[PDB]
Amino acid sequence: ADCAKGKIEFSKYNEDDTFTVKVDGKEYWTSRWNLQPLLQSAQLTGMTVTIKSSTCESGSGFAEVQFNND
């Protein structure tokens, strides 16, 4: 599902080494190591990211994310 599309309001490095972003008022975590710099770069430049996951409730995990310029 398309869970959230928006700018990253904050990011957090978690105790379990996963990485959380808050997008459109909801928090999503990912364990994908490749995504950590990319997500911070998106936060730094105000990229619109699209978080896709099988569940979209705040606190859901994700592995799929699109990085847009618009």
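Position 1 is the first residue in the sequence shown; the rest follow in order.
Per the PDB record, of the two stretches 1 to 9 and 60 to 68, 1 to 9 carries the greater mean B-factor over its C-alpha atoms. Stretches 35 to 43 and 22 to 30 differ in mean CA B factor, with 22 to 30 having the higher one. In the PDB entry, residue 14 places in the middle third of its chain by CA B-factor.
Sorting the modelled residues of the chain by their CA temperature factor places residue 53 in the highest third.
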